[PDB]
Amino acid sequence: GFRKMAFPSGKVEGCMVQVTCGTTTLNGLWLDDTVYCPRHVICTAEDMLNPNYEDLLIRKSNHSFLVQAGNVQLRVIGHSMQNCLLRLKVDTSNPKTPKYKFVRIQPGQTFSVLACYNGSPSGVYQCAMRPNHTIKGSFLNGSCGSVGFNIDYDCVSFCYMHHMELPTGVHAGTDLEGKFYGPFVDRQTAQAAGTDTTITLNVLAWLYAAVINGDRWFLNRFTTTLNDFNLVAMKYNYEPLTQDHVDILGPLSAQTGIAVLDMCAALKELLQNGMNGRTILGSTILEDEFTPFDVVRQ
C-alpha cells in the first residue's frame, strides 16, 4: 500500500551506452556529445593497487575506446579524465539528451538506480546514500557505470555513478564530476567504510507515513526533549536529530497532528521495547530509506 517507488527511468535509459577499452566493457552515460564512464575501464588487472591512471591514460588514443549506442557505434574524437571518470567526446550528440543537471547528494537522501549491463538497462530500484557514504544496492558484474538519479519535472538530476563493490557487499561510486562518495579510491585493494548508522530523519518520516496511512498502534501519550531523545538514539546507533530535522518534519507533524517531539517519544519506545511481532506499514523493521519528501509525494 505504501512502498518504495522508483522514478520512471525512460529519460535515463535513452542515455545508456556501452564503453569498451581493450578487454573490459562497462556502461556509460551519453549526454549531448560527451560519454561519461568509470576510468578503471582502461585498467586490465593492474587494478590491484597498481593503477597510476595518469600513466595508463597517456598511453591511450581515442581509437582505444569503442562506444556503442544500441546498434550504432559512435566515433570517439577526444578524451580526458575528470577525477575518477573518463570524458569521451564523440561525433554525434545524443538526440535523447533530457534536461538534466549533476548534483552531489547528501547522506540520507534517496535516488533511483538504473542497473545496466553491457549498456542495456535491466532493472530500476530506489535506494539511499548511507551515512557512511556507501549504498546498499544490487550491482552485479557489468553494472559499472550505471547511474543513480532523481527526476523533478522534466529534469534529470544525476547523483551517482557506480564503480565497485566493497568486501562487505555494499557499493561505492562517485557523483557525475567523478568525485567519490566517502573514503574510497578506485583500486582493487580492500577498503572498509565507516561504521554505518540509521537515518533517524527517515525513520521518523516513515512513522509519519504509517500514521498518514492509518497505522497508529505504536503511538503513545508521552513526549521527550530533543536531547533526551538524542541520548536514546546514540545507545541504538541512530543519527542525532538536528533542530533542522525537526523543521523538515514540520509539514508532516501538521498533517499527522503529532508533534515531532511526540513521534520521537513513540520512536524511543519502539527502539527500547521492540515491536513485539507487530508491523509498521507492513514492515517488521524500522525503515530508514524514505525521506520526508518521499513520504509527501505519496
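When you see a residue number, it is the position in the sequence shown, counting from 1. Basically, rigid core = biggest C-alpha set you can superpose within 1.5 Å across the two forms.
Margin query: For a rigid core alignment of each structure in 8 other deposited structures of this protein onto the shown form, which stretch has the higher root mean square Cα deviation: 61-69 or 40-48?
Written below: Result of the core-fitted comparison in 8 other deposited structures of this protein: 40-48 deviates more.
*Which of these two stretches, 49-57 or 255-263, has the larger RMS Cα offset in 8 other deposited structures of this protein when the rigid core is kept aligned?*
Per-stretch check in 8 other deposited structures of this protein: the more divergent one is 49-57.
Checklist entry - Looking only at CA atoms, which has the higher mean B factor in the entry: 119-127 or 73-81? => result Stretch with the higher mean C-alpha B-factor: 73-81.
- Of the two stretches 53-61 and 33-41, which shows the higher Cα B-factor on average in the entry? Mean CA B-factor is higher for 53-61.
(message) Among the choices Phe218, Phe180, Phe222, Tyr208, identify the one whose CA B-factor in the record is greatest.
(response) Of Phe218, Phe180, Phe222, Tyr208, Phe222 has the highest C-alpha B-factor.
Practice prompt. Using the B-factors in the PDB entry, rank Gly1's C-alpha atom against the chain and give the third, lowest, middle or highest.
Written response: It belongs to the highest third of the chain when residues are ordered by C-alpha B-factor.
Could you look up the Cα B-factor of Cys15 in the entry and say which third of the chain it sits in: lowest, middle or highest? According to the entry, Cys15 has a C-alpha B-factor in the chain's lowest third.
*Rank-wise, by C-alpha B-factor, drop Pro240 into the lowest, middle or highest third of its chain.*
CA B-factor rank for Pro240: middle third.
(message) Going by the CA temperature factor in the PDB record, which third of the chain does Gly214 belong to: lowest, middle or highest?
(response) According to the entry, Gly214 has a C-alpha B-factor in the chain's highest third.
Relative to the other modelled residues in the chain, which third contains the C-alpha temperature factor of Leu88: lowest, middle or highest? It belongs to the middle third of the chain when residues are ordered by C-alpha B-factor.
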